[PDB]
Structure formats: C-alpha cells, structure tokens
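S.K.: Got a structure here, written out as structure tokens. Questions coming.
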Amino acid sequence: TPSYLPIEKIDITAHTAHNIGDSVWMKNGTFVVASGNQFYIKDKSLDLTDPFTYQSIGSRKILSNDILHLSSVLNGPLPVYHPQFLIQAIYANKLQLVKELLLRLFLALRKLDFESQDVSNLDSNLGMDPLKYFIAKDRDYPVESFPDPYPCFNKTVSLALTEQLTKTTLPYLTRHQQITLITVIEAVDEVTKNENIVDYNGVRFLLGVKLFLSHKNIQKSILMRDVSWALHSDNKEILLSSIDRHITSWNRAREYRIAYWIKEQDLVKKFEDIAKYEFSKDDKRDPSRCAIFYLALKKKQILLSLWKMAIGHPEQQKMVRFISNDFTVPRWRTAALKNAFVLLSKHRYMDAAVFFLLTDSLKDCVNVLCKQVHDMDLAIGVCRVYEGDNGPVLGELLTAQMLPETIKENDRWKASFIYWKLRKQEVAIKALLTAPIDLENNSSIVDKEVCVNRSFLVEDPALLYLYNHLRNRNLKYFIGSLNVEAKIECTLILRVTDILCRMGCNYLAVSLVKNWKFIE
Amino acid sequence: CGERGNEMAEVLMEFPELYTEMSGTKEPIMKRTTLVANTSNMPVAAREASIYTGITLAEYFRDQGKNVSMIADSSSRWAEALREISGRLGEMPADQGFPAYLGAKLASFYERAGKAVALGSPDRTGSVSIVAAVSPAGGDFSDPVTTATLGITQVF
C-alpha cells in the first residue's frame with residue numbers, strides 16, 4: 001500500500017476561475033482557502049461522492065464521517081480485534097492473549113445483540129486491561145475465566161464467532177480484513193489443538209501456512225518467514241504431518257517449500273511419494289517426470305523397471321538400453337555426461353539433470369536444476385536427499401546461486417537460512433539483524449551501491465522475534481561479545497518498534513521494549 | 001556447382017553495387033551474400049564439395065538464428081560429377097549412367113533444408129531454403145536427376 005492516501009479533493013475551482021490565494025488549516029481540520037476577498041472554508045466533514053473519499057474509506061464502517069476521524073481510522077492504533085493485530089500478537093509470544101481477545105470479542109458481540117444495540121458501539125479495546133499486553137512470556141499470562149455459558153475460548157466459541165462475524169460487519173474493518181479475521185479464528189482453533197505438542201515456532205509456522213492458504217491468488221508460496229519459523233522448530237514432524245494432506249504433487253511440495261525445512265528422514269519419504277504421484281499424473285504414465293526423484297534417492301533400479309513397464313513411450317527403447325549399464329565404468333560415466341550435455345543443448349533441461357545425476361555428478365545436476373530449470377526448491381531437495389542434510393555440495397550451491405541474489409535483494413530470512421545450511425550458526429543468527437551485505441566480507445560479492453536501499457528496506461518485526469529465540473538457545477556464541485551485540489540489538493529494537501508503531505500495533509511495541517532481555 | 005566463371009564474376013561485381021535495407025540501411029547484398037565459385041573448367045570432383053560446403057554454411061548460419069537461402073546452380077552438374085566418378089570407379093551404372101545411389105545423395109542433400117530450432121541457448125530459430133537449378137539434358141524433364149529432384153523438392 002502507499003504510505004499516504006488522499007482523502008479529499010477540495011475543489012474550489014468549481015465556483016470561480018480565480019486561483020487559490022492562500023490556504024490554511026485551523027482548529028479541528030477547518031481548511032480555510034482564500035481567493036480575491038472571498039473565502040471557501042471547508043469543515044472537517046467528508047463528501048462520500050468524491051472518488052478520493054470513496055476509495056480511501058473503501059468498505060470500512062466509521063463512526064463519524066470526518067477527515068480527522070478518517071485519518072484516525074486509516075492510521076493510529078489498531079482495534080485490538082484487527083487481524084493485523086492478532087497475527088502480530090501471535091508472532092509475538094502472546095497466543096493466550098489472542099485467545100482471550102477473541103473470547104472477549106465474542107462476549108461483546110453477544111452483549112450487543114442481546115441488548116439490540118448497534119455493532120458500531122463495540123469497544124475497540126474490548127475492555128482489556130492494557131497491562132495484559134505487556135506480559136513478558138506466554139506461560140506467565142494470567143488466563144482468567146469468564147462466567148459459565150462461555151468460560152474460555154474453545155471450539156464452541158470459535159463456531160459462534162464465525163457465525164457472528166458473518167451476521168455482522170465489524171467497524172473500521174474492510175471486508176477483506178474481516179475475512180482474514182475469520183481465518184485467524186480458524187488458525188487459533190488449529191493452534192489450540194496443536195498447542196500442547198509443537199513448540200511456539202510451530203505455532204507461528206501453522207498460522208503462517210493457514211494465512212497462506214487464504215492468499216494463493218497473490219502469494220505463490222509460503223514466505224521465507226514461515227520456512228524459517230519451521231526450520232528452527234523442534235517439531236518439524238508435526239508441522240509436516242499437518243500440511244501433508246496438501247502435498248500431493250511436486251507443485252505443492254514446492255509451494256510449502258518442504259525441501260528447505262522438513263527433516264531429511266521425512267524428505268526421503270516425501271520424494272518417494274512425490275515420485276509415485278508425478279509418475280501417475282493425470283495425463284499418462286511417463287518415467288520422464290519421476291526420474292529425478294528416483295535417482296536422487298539412489299534408486300536407479302526402480303527407474304529402470306519404470307522405464308521397462310512403460311512400453312508405449314517412444315523413448316522407452318533407448319532409455320532401457322542405456323540406463324541398464326553400470327555407471328561406475330569410466331566409459332559409461334563419460335557416455336552419460338555426454339548425453340547429459342546433449343540434452344542440455346536440445347533444451348531438455350530436466351532430462352539433462354537426470355542424466356547428470358545418473359553418474360553421481362551432483363554438482364552438475366543441481367546447477368542444471370537451479371540455473372536452467374529454475375527450481376532452487378528441487379535443487380535443495382536433491383542435495384539434501386542424495387548426499388546429506390548439510391553440505392558440502394549444498395553449501396557451494398547456496399553460496400554461489402542464492403547468496404548473491406540474497407545480498408542484492410537485502411533479504412535476511414534467506415541469508416539466515418543460507419548460513420544455517422552452511423552450518424555457520426554463529427553468523428546465521430547474526431544475519432537476522434545486520435544486513436547481508438555486511439556479513440562475512442559479502443561486500444566482496446556485490447558493490448554496496450548495487451544493493452536495494454531507500455524506502456524499499458521495510459523492516460520485519462518477526463525477524464527480531466526469531467533472533468531473541470535463537471539468541472537464547474545458542475548463548476554459547478554470544479557470551480564472547482556482549483557490548484558489540486547490544487550496540488545493534490538496541491538499534492534494531494528501536495527500528496522494529498516504529499514499525500510496530502507505524503502498523504498500529506503500539507501495544508506490542510511497548511511490550512517488545514519492556515520485556516527485551518539484554519544478555520548481561 | 002559447374003557453371004560459368006563470368007556468372008560468379010558478375011555476382012562479385014553486382015552484389016557489392018546492389019544494397020539491402022533489411023538491416024534498416026542500404027548495405028551491400030554482398031555483405032550478407034557469400035559465394036562457392038567452382039566453374040566447369042574446375043575439377044569435376046569439387047562440384048560435389050561445392051554443394052556440401054554451401055548447405056553446411058547455410059546450416060551454420062541457420063544455427064545463429066538466420067533465415068539463409070542456399071541457391072545451388074546447378075544440381076545436375078553435381079550429379080554428372082558423381083556419374084563421372086562412378087563410371088571411372090567401376091560399379092554398375094543406372095538408367096543413364098548415373099549411380100544407383102544418386103537419388104539417395106540428392107535426398108540427403110535436400111533433407112538438410114528446413115526450419116529448425118537451433119541447438120544450444122540463447123533459444124533461436126533459423127531456416128535453410130534450397131533453390132536448386134536442374135539442367136535436364138536437352139530440356140527433357142524425364143531425366144534421372146530431374147525426376148529425382150521432383151520427387152524430393154516441394155516446389156517446381
């Protein structure tokens with residue numbers, strides 16, 4: 001969205017051809033305009049026929065029709081039920097608080113309906129005590145109870161809320177924001193079920209994917225934020241089993257970026273299943289598609305059998321006669337390399353990667369997968385299943401193909417992931433705070449002026465919440481240097497606030513500054 | 001292939017003086033036109049190496065994304081060279097002294113023409129047209145070379 005949005009076009013020209021003489025705001029938004037000896041004082045109300053006012057107000061509902069009130073709706077603290085506040089209170093370790101706010105929202109809506117009062121009377125803070133937002137830790141939250149008919153947030157309250165939110169239009173919320181609020185209710189319902197199993201980097205990932213499902217129109221794969229939430233979770237098995245139902249095809253194992261974070265011991269099984277599916281696609285049986293998954297696993301024999309049973313395919317006779325050889329033989333190794341480089345010139349990139357993997361030249365299979373096929377997701381998967389979980393070919397691939405673009409794009413999620421897969425944990429944790437161009441002589445990769453800068457560098461509060469997690473688990477790497485680390489923690493805390501404040505979550509900014517623990 | 005040396009001299013004289021605005025500005029048609037002069041006084045066995053060189057050059061330039069045109073004047077002089085080599089070579093002559101493999105040779109030559117996607121990247125597409133002048137003995141189109149070419153070529 002633009003940082004500024006027009007809300008009125010005071011068109012004095014519609015009455016006189018004389019140019020505006022002078023313009024001056026005054027008390028309560030009164031905008032006095034002068035021309036000749038003749039003033040055009042406009043009050044702070046709004047004319048809904050204007051295209052600017054109509055577009056800025058959008059679908060919202062506002063108590064007063066004012067430029068002052070409108071400018072206090074498009075900006076300023078969020079109502080505590082706003083979806084952008086609830087997801088940000090979930091990313092911060094305040095899930096219990098979000099559950100309580102949803103319960104209070106239900107109670108307030110029932111109160112309004114029972115008294116037949118208009119919903120616009122709904123309290124923005126839902127009668128919450130502000131100190132609740134400042135509680136340092138999720139398990140220290142005083143989760144009080146309510147009267148018997150609905151004592152604590154649960155499935156019944158969830159369904160009642162999802163009904164009410166369709167039977168009423170919450171104030172200040174564009175209908176799309178209300179849809180995302182309903183999806184947040186569903187996500188909290190899911191988390192409450194899994195809340196007893198997955199640590200809280202599992203809860204953040206679960207909400208990330210549940211929000212992804214509602215935005216497949218504009219979002220083509222879970223952000224690297226969610227991949228990094230899951231990558232550092234201790235319960236990757238639970239997350240994978242929760243999103244498994246959606247991973248039927250490779251195109252859906254590439255949306256959830258499973259190759260990045262799922263455990264190698266599950267990535268092997270997922271390649272087996274994805275090979276099964278990719279073979280028996282909608283069209284017909286074709287061992288060409290599932291070749292890479294079966295070779296990466298080192299199951300050339302299954303691929304050979306697959307080619308054999310594919311009697312109808314035109315390529316069958318050549319491939320059965322070729323693949324059956326033993327590619328430890330130098331002559332056949334060179335023959336397979338030659339065929340791989342021929343297929344790279346006949347524009348058959350996937351087959352070139354397959355052949356480059358027959359001979360165990362992984363460094364050439366993964367470079368054909370990430371550079372000519374454009375699947376870094378599949379390259380990482382093949383690296384992780386074929387050779388091992390972390391490096392050595394994966395390290396070179398990431399440092400060559402991903403690190404430069406990450407530095408140019410100034411992306412710190414990718415940089416942290418890369419320095420994690422290189423098992424450079426001590427600097428992988430630091431890459432979350434300091435920009436990639438300043439890490440490990442990365443300035444040698446690209447000139448500092450080529451990198452993105454200016455307003456495009458919008459912070460990401462979650463990026464800090466991850467650090468405070470890793471920083472606390474990997475203290476061994478931070479005891480050696482405290483003053484230098486604090487010098488940048490105290491900068492990124494004040495730069496993460498001032499976006500938590502610019503995105504309306506002031507209550508979370510105060511919590512972040514209040515509760516941050518400096519490692520003395 | 002086995003033509004006048006004053007017809008390869010006129011091409012070397014006029015094509016530089018003739019220009020093409022296909023590049024946006026008048027550039028000598030000779031700047032984009034190469035030659036494979038092998039006259040009739042020149043060895044008969046090089047009438048065969050003249051047709052290979054030309055189609056290979058067109059295939060090379062088609063492999064750069066260009067739409068080349070090989071103009072082979074004449075295909076019947078390459079067939080006469082294979083009839084003169086075969087006759088001095090001992091194997092059995094065909095209908096009019098030509099070898100039994102004349103048709104195969106002509107087919108292989110003409111199968112080198114076509115529109116194709118070039119090997120390697122960047123992805124480019126080129127084409128090779130072949131315009132082969134046949135010189136039937138006496139103007140009779142029933143000749144072995146003319147019949148074979150009419151069997152192979154798509155335009156007559």
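Here, A, B, ... name the chains of the structure tokens in the order displayed, residue numbers run from 1 inside each chain, and ligands are numbered from 1 in the same displayed order.
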Give one line per residue of chain A that approaches chain B to at most 12 Å, naming the two atoms of the closest pair and their distance in Å to one decimal, counting only C-alpha atoms; sort by chain then ascending residue number and deliver it as a Markdown table.
M.R.:
```
| residue | atom | partner | partner_atom | distance |
| --- | --- | --- | --- | --- |
| A:341 | CA | B:120 | CA | 9.8 |
| A:342 | CA | B:119 | CA | 8.9 |
| A:343 | CA | B:120 | CA | 9.5 |
| A:344 | CA | B:120 | CA | 7.3 |
| A:345 | CA | B:120 | CA | 4.1 |
| A:346 | CA | B:119 | CA | 5.7 |
| A:347 | CA | B:120 | CA | 7.0 |
| A:348 | CA | B:120 | CA | 10.4 |
| A:349 | CA | B:120 | CA | 11.1 |
| A:372 | CA | B:121 | CA | 10.3 |
```
S.K.: Could you pull out the strand (DSSP E or B) residues of region 7-131 of chain B, going by DSSP on the backbone, and write them as a list in words?
M.R.: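 For region 7-131 of chain B, the strand (DSSP E or B) set is residues 19, 20, 27, 28, 67, 68, 69, 70, 71, 72, 73, 114, 115, 116, 117, 125, 126, 127, 128, 129, 130 and 131 of chain B.
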S.K.: Residues as selected, N, CA, C and O atoms, written as a short mmCIF file (atom, residue, chain, number, x, y, z; two decimals), in the first residue's frame, can you do that?
M.R.:
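File again19.cif, as written:
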```
data_model
loop_
_atom_site.label_atom_id
_atom_site.label_comp_id
_atom_site.auth_asym_id
_atom_site.auth_seq_id
_atom_site.Cartn_x
_atom_site.Cartn_y
_atom_site.Cartn_z
N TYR B 19 22.25 -3.13 -52.92
CA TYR B 19 22.17 -2.94 -51.44
C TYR B 19 20.84 -3.46 -50.91
O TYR B 19 19.89 -3.59 -51.71
N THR B 20 20.77 -3.74 -49.60
CA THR B 20 19.55 -4.27 -48.94
C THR B 20 19.25 -3.41 -47.71
O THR B 20 20.18 -3.21 -46.91
N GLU B 27 22.76 -1.79 -47.21
CA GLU B 27 24.06 -2.47 -47.00
C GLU B 27 24.29 -3.40 -48.19
O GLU B 27 23.33 -4.11 -48.55
N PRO B 28 25.48 -3.46 -48.81
CA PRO B 28 25.67 -4.27 -50.00
C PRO B 28 25.04 -5.65 -49.76
O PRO B 28 25.28 -6.22 -48.72
N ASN B 67 17.73 -16.76 -41.40
CA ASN B 67 16.91 -17.44 -42.42
C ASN B 67 17.76 -17.39 -43.69
O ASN B 67 17.61 -16.47 -44.43
N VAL B 68 18.57 -18.40 -43.94
CA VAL B 68 19.54 -18.43 -45.05
C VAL B 68 18.85 -19.00 -46.26
O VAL B 68 17.81 -19.58 -46.08
N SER B 69 19.37 -18.75 -47.46
CA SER B 69 18.88 -19.32 -48.73
C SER B 69 20.09 -19.84 -49.48
O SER B 69 20.90 -19.03 -49.82
N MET B 70 20.22 -21.15 -49.65
CA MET B 70 21.29 -21.74 -50.47
C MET B 70 20.74 -21.80 -51.88
O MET B 70 19.74 -22.38 -52.02
N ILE B 71 21.38 -21.16 -52.83
CA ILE B 71 20.99 -21.18 -54.26
C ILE B 71 22.03 -22.03 -54.95
O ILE B 71 23.07 -21.51 -55.19
N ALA B 72 21.71 -23.28 -55.29
CA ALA B 72 22.64 -24.26 -55.90
C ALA B 72 22.48 -24.32 -57.41
O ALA B 72 21.70 -25.13 -57.85
N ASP B 73 23.25 -23.55 -58.16
CA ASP B 73 23.22 -23.54 -59.63
C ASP B 73 24.47 -24.22 -60.20
O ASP B 73 25.46 -23.55 -60.33
N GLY B 114 15.27 -26.71 -44.23
CA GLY B 114 14.12 -26.73 -43.35
C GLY B 114 14.21 -25.62 -42.33
O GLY B 114 15.23 -24.94 -42.19
N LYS B 115 13.10 -25.45 -41.63
CA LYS B 115 13.02 -24.57 -40.47
C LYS B 115 13.30 -25.39 -39.23
O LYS B 115 12.81 -26.51 -39.10
N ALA B 116 14.14 -24.86 -38.34
CA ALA B 116 14.58 -25.62 -37.16
C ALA B 116 14.86 -24.73 -35.97
O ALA B 116 15.18 -23.57 -36.19
N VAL B 117 14.75 -25.27 -34.76
CA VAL B 117 15.15 -24.56 -33.53
C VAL B 117 16.63 -24.91 -33.39
O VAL B 117 16.93 -26.08 -33.50
N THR B 125 15.72 -19.59 -33.64
CA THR B 125 15.13 -20.43 -34.70
C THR B 125 15.70 -19.91 -36.00
O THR B 125 15.86 -18.71 -36.13
N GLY B 126 16.03 -20.80 -36.90
CA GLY B 126 16.55 -20.42 -38.22
C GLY B 126 15.91 -21.28 -39.27
O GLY B 126 15.12 -22.14 -38.91
N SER B 127 16.27 -21.07 -40.52
CA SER B 127 15.75 -21.83 -41.64
C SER B 127 16.79 -21.84 -42.74
O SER B 127 17.60 -20.92 -42.87
N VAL B 128 16.78 -22.91 -43.53
CA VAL B 128 17.60 -23.02 -44.74
C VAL B 128 16.67 -23.38 -45.88
O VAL B 128 16.11 -24.48 -45.91
N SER B 129 16.50 -22.46 -46.82
CA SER B 129 15.84 -22.75 -48.08
C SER B 129 16.88 -23.23 -49.08
O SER B 129 18.04 -22.82 -49.02
N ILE B 130 16.47 -24.12 -49.98
CA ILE B 130 17.33 -24.58 -51.07
C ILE B 130 16.62 -24.30 -52.38
O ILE B 130 15.47 -24.71 -52.57
N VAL B 131 17.30 -23.60 -53.28
CA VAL B 131 16.81 -23.33 -54.62
C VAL B 131 17.82 -23.95 -55.57
O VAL B 131 18.89 -23.38 -55.82
#
```
S.K.: Considering only C-alpha atoms, can you say which of A:203, A:418, A:385, A:513 comes closest to residue 297 (chain A)?
M.R.: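 Among the listed residues, A:385 lies closest to residue 297 (chain A).
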S.K.: Determine, counting only C-alpha atoms, which protein, DNA and RNA residues have an atom within 12 Å of an atom of residue 6 (chain B); residues of the same chain fewer than 3 positions away are not included. Present the result as a short mmCIF file (atom, residue, chain, number, x, y, z; two decimals) with N, CA and C atoms, in the first residue's frame.
M.R.:
```
data_model
loop_
_atom_site.label_atom_id
_atom_site.label_comp_id
_atom_site.auth_asym_id
_atom_site.auth_seq_id
_atom_site.Cartn_x
_atom_site.Cartn_y
_atom_site.Cartn_z
N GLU B 3 29.47 -24.17 -63.23
CA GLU B 3 28.81 -23.11 -64.02
C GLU B 3 29.86 -22.22 -64.68
N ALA B 9 31.68 -14.02 -61.50
CA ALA B 9 32.39 -12.72 -61.60
C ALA B 9 31.35 -11.60 -61.58
N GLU B 10 30.21 -11.79 -62.26
CA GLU B 10 29.11 -10.79 -62.31
C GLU B 10 28.49 -10.67 -60.92
N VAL B 11 28.37 -11.78 -60.18
CA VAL B 11 27.83 -11.78 -58.79
C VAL B 11 28.81 -11.00 -57.91
N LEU B 12 30.12 -11.19 -58.11
CA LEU B 12 31.17 -10.48 -57.33
C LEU B 12 31.20 -9.00 -57.73
N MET B 13 30.61 -8.64 -58.87
CA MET B 13 30.64 -7.25 -59.40
C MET B 13 29.34 -6.51 -59.07
N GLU B 14 28.19 -7.19 -59.08
CA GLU B 14 26.86 -6.53 -58.92
C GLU B 14 26.41 -6.53 -57.46
N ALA B 37 32.28 -20.37 -55.67
CA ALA B 37 32.62 -20.48 -57.11
C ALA B 37 33.36 -21.78 -57.42
N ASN B 38 32.79 -22.70 -58.20
CA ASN B 38 33.52 -23.89 -58.72
C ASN B 38 33.08 -24.09 -60.16
N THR B 39 33.68 -23.41 -61.13
CA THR B 39 33.26 -23.36 -62.55
C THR B 39 33.38 -24.74 -63.18
N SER B 40 33.12 -24.88 -64.48
CA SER B 40 33.12 -26.18 -65.18
C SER B 40 34.55 -26.59 -65.57
#
```
S.K.: For a test of reading the model, state the distance in Å between CA of residue 492 (chain A) and CA of residue 138 (chain A), rounded to one decimal.
M.R.: 22.6 Å
S.K.: Write out as a ChimeraX atom specification the set of residues from region 34-154 of chain B that DSSP, computed on the backbone, places in alpha helix (DSSP H).
M.R.: /B:48-62,76-89,102-110,144-152
S.K.: Considering only C-alpha atoms, return as a list in words whatever protein or nucleic-acid residues lie within 9 Å of residue 389 (chain A), sequence-local ones (same chain, fewer than 3 positions apart) excluded.
M.R.: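 So, after excluding close chain neighbours, the residues are residues 263, 264, 383, 384, 385, 386, 394 and 421 of chain A.
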S.K.: Just the residues within 8 Å of region 206-223 of chain A, please, counting only C-alpha atoms, with nothing from its chain fewer than 4 positions along; format it as an mmCIF file with C-alpha atoms, in the first residue's frame.
M.R.:
```
data_model
loop_
_atom_site.group_PDB
_atom_site.id
_atom_site.type_symbol
_atom_site.label_atom_id
_atom_site.label_comp_id
_atom_site.auth_asym_id
_atom_site.auth_seq_id
_atom_site.Cartn_x
_atom_site.Cartn_y
_atom_site.Cartn_z
ATOM 1 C CA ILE A 87 -1.359 -12.214 13.831
ATOM 2 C CA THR A 180 -8.657 -12.626 7.321
ATOM 3 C CA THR A 183 -9.150 -17.225 9.012
ATOM 4 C CA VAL A 184 -7.311 -16.083 12.147
ATOM 5 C CA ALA A 187 -5.889 -20.681 12.803
ATOM 6 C CA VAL A 188 -6.246 -20.156 16.549
ATOM 7 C CA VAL A 191 -3.209 -23.973 17.207
ATOM 8 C CA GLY A 202 5.471 -24.491 15.259
ATOM 9 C CA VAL A 227 10.171 -21.528 6.186
ATOM 10 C CA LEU A 239 4.204 -29.441 11.029
ATOM 11 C CA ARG A 254 7.219 -26.503 -3.872
ATOM 12 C CA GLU A 255 4.546 -24.162 -2.512
ATOM 13 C CA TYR A 256 5.237 -25.191 1.084
ATOM 14 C CA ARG A 257 8.973 -25.287 0.388
#
```
S.K.: Using only C-alpha atoms, can you tell me which of B:138, B:144, B:5, B:99 comes closest to residue 85 (chain B)?
M.R.: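 Using only C-alpha atoms, the shortest distance to residue 85 (chain B) belongs to B:99.
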S.K.: Identify, on the basis of only C-alpha atoms, every residue whose closest approach to residue 149 (chain A) does not exceed 12 Å; exclude the query and any residue fewer than 3 positions from it along the same chain; express the result as a CSV table (one decimal) with N, CA, C and O atoms, in the first residue's frame.
M.R.:
```csv
chain,number,residue,atom,x,y,z
A,103,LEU,N,-12.2,-14.4,22.8
A,103,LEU,CA,-13.3,-14.6,23.7
A,103,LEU,C,-14.1,-13.3,24.0
A,103,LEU,O,-15.3,-13.3,24.0
A,106,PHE,N,-16.2,-12.2,21.2
A,106,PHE,CA,-17.5,-12.9,21.2
A,106,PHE,C,-18.5,-12.4,22.3
A,106,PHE,O,-19.6,-12.2,22.0
A,107,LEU,N,-18.0,-12.2,23.5
A,107,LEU,CA,-18.8,-11.8,24.6
A,107,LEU,C,-19.4,-10.4,24.2
A,107,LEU,O,-20.6,-10.2,24.5
A,110,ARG,N,-22.1,-10.7,21.6
A,110,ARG,CA,-23.3,-11.2,22.2
A,110,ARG,C,-24.0,-10.2,23.0
A,110,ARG,O,-25.3,-10.1,23.0
A,145,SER,N,-10.8,-16.7,33.8
A,145,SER,CA,-12.0,-17.3,33.3
A,145,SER,C,-13.2,-16.4,33.4
A,145,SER,O,-13.3,-15.5,34.2
A,146,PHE,N,-14.2,-16.7,32.6
A,146,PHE,CA,-15.5,-16.0,32.5
A,146,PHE,C,-16.6,-16.8,33.0
A,146,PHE,O,-16.5,-18.0,33.3
A,152,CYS,N,-14.2,-20.1,28.6
A,152,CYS,CA,-12.8,-19.9,28.0
A,152,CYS,C,-12.9,-20.3,26.5
A,152,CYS,O,-13.8,-21.1,26.1
A,153,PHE,N,-12.1,-19.7,25.7
A,153,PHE,CA,-12.1,-19.8,24.2
A,153,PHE,C,-12.0,-21.3,23.9
A,153,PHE,O,-11.1,-22.0,24.4
A,154,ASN,N,-12.8,-21.8,23.0
A,154,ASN,CA,-12.8,-23.2,22.7
A,154,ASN,C,-13.6,-23.4,21.4
A,154,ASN,O,-13.9,-22.4,20.7
A,156,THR,N,-16.6,-24.3,20.7
A,156,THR,CA,-18.0,-23.7,20.6
A,156,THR,C,-17.9,-22.2,20.4
A,156,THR,O,-18.6,-21.7,19.5
A,157,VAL,N,-17.0,-21.5,21.1
A,157,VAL,CA,-16.9,-20.1,20.9
A,157,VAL,C,-16.4,-19.8,19.5
A,157,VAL,O,-16.7,-18.8,18.9
```
S.K.: I'd like the neighbourhood of residue 7 (chain A) as a list in words, where a residue qualifies if any of its atoms comes within 7 Å (using only C-alpha atoms), though same-chain residues fewer than 2 positions away should be ignored.
M.R.: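 Counting only the stated atoms, we get residues 5, 52, 53 and 56 of chain A.
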S.K.: I'd like to know which of A:31, A:356, A:465, A:456 is closest to residue 291 (chain A), using only C-alpha atoms.
M.R.: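 Residue with the minimum atom-to-atom distance to residue 291 (chain A): A:356.
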S.K.: Find the residue from B:44, B:94, B:18, B:49 that sits nearest to residue 143 (chain B); use only C-alpha atoms when measuring.
M.R.: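 Of B:44, B:94, B:18, B:49, the one nearest residue 143 (chain B), counting only C-alpha atoms, is B:94.
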S.K.: Would you work out the distance separating CA of residue 267 (chain A) from CA of residue 381 (chain A), expressed in Å to one decimal?
M.R.: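 Answer for the CA of residue 267 (chain A) to CA of residue 381 (chain A) separation: 7.6 Å.
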